[PDB]
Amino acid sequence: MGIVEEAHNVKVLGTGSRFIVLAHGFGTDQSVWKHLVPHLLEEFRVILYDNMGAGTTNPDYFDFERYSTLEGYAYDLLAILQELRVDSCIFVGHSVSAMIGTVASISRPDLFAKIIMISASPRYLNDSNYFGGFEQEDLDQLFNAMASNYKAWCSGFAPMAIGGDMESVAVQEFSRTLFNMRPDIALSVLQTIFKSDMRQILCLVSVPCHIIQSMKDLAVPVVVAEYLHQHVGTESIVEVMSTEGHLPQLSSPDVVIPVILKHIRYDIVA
């Protein structure tokens, strides 16, 4: 394996000709895609990778300056796509990875045939002019909790992010990946995500975007999906699903997998 492949736990599965890249969100890893991957093996070559800072990655590679902005993660994605020699791909970014691929696509639009966003937001904090879902006090509270008892925070956060029954399998799975992060990395990364503001780069997007989210998502009001639709600088489409949860591809795969497959297969009218 190449040096980049190894560092990000890169996997390339399936026997298709076209590439599809699945990029996971905060607190989880490439296993979040477990219900989707079996349906792509015949049509594509599926690229899975882990973000630096996930519990599956080496904590000594986490460079706090590099990842102080989402650009740092976008550089990692480009490096992965280069090492693998992708010509073009369909990119599926979950949570923060939606914006990471968006940033990457502005530097290299040739690499991206289409972006599919799941549980995406360009900004979580409110503005007298924009509703992201959170005030600064909400954040201060979250971070005080994380810093004071990470193990306890993971147990209470997991059911909230996942939604539905608090003793479900998906909650256990997310709870476990959450606690596998080094607490100071988890704290730093979630702060970086919650403070971010990508609104101004949306009009520069030149790759069509499919914007998918649960109707009940603790971190993404439904109006943020409309916001991304309005401000993305090219063709885009919204699909709000009748599901609850920030990781719906994991907690409601029976419902969510067909939606993602639909947006992989069909294209938006130019």
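Start at 1 with the first residue shown and count on from there.
If you average the C-alpha B-factors over 99 to 107 and over 129 to 137, the higher value belongs to 129 to 137. Of the two stretches examined, 25 to 33 and 53 to 61, the record assigns the greater average C-alpha temperature factor to 53 to 61. The maximum CA B-factor among the listed residues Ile80, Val171, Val92, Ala145, taken from the PDB record, is found at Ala145.
In this PDB entry, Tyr67 carries a Cα temperature factor that places it within the middle third of its chain's modelled residues. Among the modelled residues of its chain, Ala152 has a C-alpha B-factor that falls in the highest third, as given in the PDB entry.
Among all modelled residues in this chain, the alpha-carbon of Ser119 has a temperature factor (C-alpha) in the lowest third. Ranked by C-alpha B-factor against the other modelled residues of its chain, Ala158 falls in the lowest third. Per the deposited record, the Cα B-factor of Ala225 falls in the lowest third when ranked against the other modelled residues of its chain.
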